[PDB]
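These notes are about the structure you will find just below.
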Amino acid sequence: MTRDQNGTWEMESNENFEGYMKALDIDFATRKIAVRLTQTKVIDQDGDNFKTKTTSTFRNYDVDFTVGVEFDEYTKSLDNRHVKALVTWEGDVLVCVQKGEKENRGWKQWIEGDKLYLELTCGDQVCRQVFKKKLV
Ligand SMILES: CCCCCCCC/C=C\CCCCCCCC(=O)OC(CO)CO
């Protein structure tokens with residue numbers, strides 16, 4: 001029973017964020033800033049209802065969803081694309097498929113210990129992020 005992802009989580013590693021961004025066609029001036037930033041993830045979860053915020057000094061991104069309920073996602077101030085998104089549980093891993101113009105786009109997010117793991121995929125690029133839970 002590790003489905004409870006509530007908390008504030010601070011990034012400690014970010015592997016291949018460059019390649020993921022390039023796969024999304026982010027221009028190199030934007031990538032040059034974005035690759036350097038420490039991200040924070042704030043998750044407010046009530047059962048299968050999620051409200052999430054990913055924040056940095058450069059850009060913030062909010063996405064809210066209910067597990068199992070397809071929704072329209074506009075990735076505003078990221079790559080600015082429209083996708084149909086569905087989040088499901090695979091065991092205690094939260095799995096998102098983002099169907100749209102990019103093939104094999106989505107993410108997977110799960111807890112181990114005091115860490116939150118997030119693997120972002122686009123095409124043949126995978127970015128692996130790890131966040132540490134912030135205290136009180
Ligand atoms: C926002 C902080 C970084 C902003 C700088 C990046 C700008 C360059 C363009 C694209 C990179 C998109 C990468 C972030 C993916 C969104 C996070 C996300 O959807 O996470 C899920 C799972 O946590 C939310 O529930």
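Both counts, for ligands and for their atoms, begin at 1 and track the order of listing. Position 1 is the first residue of the sequence, and the numbers go up from there. The basis for the numbers below is simple: all heavy atoms, side chains too, and nothing from hydrogens, waters or symmetry mates.
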Are there any N/O pairs under 3.5 Å between ligand 1 and the protein, and if so, what are their distances?
unit_1, atom_1, unit_2, atom_2, d
ligand 1, 20 (O), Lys41, NZ, 3.2
ligand 1, 23 (O), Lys41, NZ, 2.8
ligand 1, 23 (O), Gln109, OE1, 2.6
ligand 1, 25 (O), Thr52, OG1, 3.1

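Atom NZ of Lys132 is surrounded by 12 or fewer heavy atoms from other residues, nucleotides or ligands within 6.0 Å.
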Check: Can you list the steps and then say if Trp107 with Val95 is a side-chain contact (heavy atoms from CB on, under 4.5 Å)?
Finding: CA-CA 6 Å; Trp107 53 256; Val95 178; over 6 Å; no

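One hydrophobic cluster, built from ILVMFWY side chains closer than 4.5 Å, cannot hold both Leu94 and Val126; they sit in different ones. In the hydrophobic clustering of ILVMFWY residues, with side-chain heavy atoms under 4.5 Å counting as a link, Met21 and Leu118 come out together.
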Counting only pairs under 3.5 Å, give me each side-chain donor-acceptor contact of residues 31-38, with atom names and distances, residues two or more places apart or in other chains.
unit_1, atom_1, unit_2, atom_2, d
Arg31, NE, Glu18, OE1, 3.3
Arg31, NE, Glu18, OE2, 3.0
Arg31, NH1, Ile26, O, 2.8
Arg31, NH2, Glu18, OE2, 3.3

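For the residue pair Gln129 / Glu15, no side-chain donor-acceptor distance below 3.5 Å is found, with atom types taken as modelled.
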